[PDB]
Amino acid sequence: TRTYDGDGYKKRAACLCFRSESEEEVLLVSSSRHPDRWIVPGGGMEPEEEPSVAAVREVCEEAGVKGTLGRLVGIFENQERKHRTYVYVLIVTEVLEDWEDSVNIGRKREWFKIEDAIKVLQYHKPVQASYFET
């Protein structure tokens, strides 16, 4: 069930999934519509679901990782698609071999240096590239 802010923006949460507390390498996943493209894992908040809980759930489902939830980076809007995403830091400590989206849609995941994550996100996901700006 999709959820919405009072202005009709779809509510989402995502994590920047870093290998370590150095925050030098981040985990991206393949787009569902266009698997040769990369995105930051994330998705819709469920009814009454805390944003931090949605963020951790979505990255388990999409990226097959778990770890130590860190700070909220910020809340980011996509004007064209009308959604508003809470973006958290997650320090990955568990990498699961088979995860929901690997099994269901053959979703891929890959580690990127921050500068390379920004590069591959820029064309189709410039707001997600902006997650990294600070």
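Residue numbers run from 1 along the displayed sequence.
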Self-check item: 40-48 or 97-105, whichever carries the higher mean Cα B-factor
Solution: 97-105
Exercise. Would you tell me which stretch averages the higher CA B-factor in the PDB entry, 5-13 or 19-27?
Key: 19-27
Exercise. Would you mind checking where the Cα B-factor of residue 57 ranks among the modelled residues of its chain, as the lowest, middle or highest third?
Key: middle
Quiz prompt | Modelled-residue ranking by C-alpha temperature factor, third containing residue 71 | solution = middle
Exercise. Going by the recorded CA B-factors, say which third of the chain residue 114 sits in, lowest, middle or highest.
Key: highest
Self-check item: Cα B factor band for residue 78 (lowest, middle or highest third within the chain)
Solution: middle
Self-check item: Chain-relative CA temperature factor third for residue 134
Solution: highest
